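Given as structure tokens, the chain that follows is alone and in the form deposited in one PDB entry.
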């Protein structure tokens, strides 16, 4: 109700006079409706389309549900859009590649469609008149499936989801797409073109925008792994392993690359990840092979031209024209030409060994979004100054504070909590749990600590473990909402029903190379390394978790933070109490709330 009116007003007027707007508003405030109504209002006046970017299928389904409602209220021409990597049914049938890209799939699809047009309808049996049928268009526009549901619909009806989405798109006013789809600039431009629209002509809603920095860093980062090298090696043998020069064959070049990477990892990586200089890869190359830099560069160029050859050979024989040689050479070459200030060259022994261009500053990647009107929504994004510096977005901001009765939520920190430190941490967690007897999830900073703590004990509990799983995460959540007690999980993972959360320590980031790189970056740039690389991400983590506790005026919930250093976060959690025995303090809180 009332919080929504003033937020919509603020969002609407802000768009007239700025390139975007940022709204913080708590969980349960209806961010997606506030954004939709503001954007639709604004866009109807000026004849613009609306693009809603989401990071996960869960954010996707939330938005698509809201949009389905409005559909009765008003006429809503919305579809999901995703690229061929997720929506092409055919290629995972005819091939099992371990890496893929959009361009290889365009070439592959276009060839399949030509074969179908030439009268070989079985070449791709998904490419048929149904792509443009009233049945298909009605299901998209009237049912408004998620991309997952539409893929499932497409399999069942023998019709291609990708092409169907693309055919409906000129007639969509609203598109729900992954950040990863739209922020791929190559893909983006084809996509705007099939939409029939310029960047000037859209309002983009950035769902859960507090992730925007990491979404930028992630799409801006790339790596070269040993395993990628190995797949290139195989590809080289299959395609003739030609001389690139001198008496250096493709496989020799690959061996040079791999052995350099392996030597770097063996000599440089101690405790874990380490930051190196970009030219160091080249140095190893030069010294191990007694070659100049210009000679190694020429060989890398020859390796890319070889990959071009492989893509061409694959294409003409009907395969997906993806080349690991091409993919590897372009990453090695880009790795060596990277902005030494905005990026960190990172060496890791993880996953068999890799080298990475870690994008430290996402403002560059995120900048194309300024060509559109943007709406940045999150529960978890003040101090805006921090967001602005980091994203490069200088736009009006409004915080909707608390909308729900403050007495229905108890947040506290306890300062009592090494091998003795664990035993205390466990004893403290135990009293709270056994004594309070309510549906709880305990968040740990690390899996190690989770395990270390998961004895002493015990009480029944479940664990968002190791490499869950996607499927298993659902069975787990569903268990927790019925035969329901205590869940353990880590702050990195994908996490009435939820009544308590216990933070077994503050989820500070690991002091690894990337994080130290980010610290150094923001320290050199703003003298705020600690604030931007440690404090702000941790506050965000904490609030996202707390935020799930109350999603209604009548919802009840407690959170306790088992950490001395928690008072430091009051400036992001201003209502937080200190406690000296949280067991009883919390216990008494739930009694009070039971009174009505």
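Between two forms, the rigid core is defined as the largest C-alpha subset superposing within 1.5 Å. Numbering follows the first chain given and starts at 1.
Below, we refer to the form deposited in another entry, which is not included among the displayed structures.
Checking 401, 242, 318, 170 for C-alpha shifts of 2 Å or more between the shown form and the other one, after the rigid core is superposed, gives a single hit: 401. A decrease of at least 3 Å in the separation of the C-alpha atoms of residue 63 and residue 401 is found in the other entry, compared with the displayed form. Whereas the displayed form keeps them at a certain spacing, the CA atoms of residue 401 and residue 51 lie at least 3 angstroms closer in the other entry.
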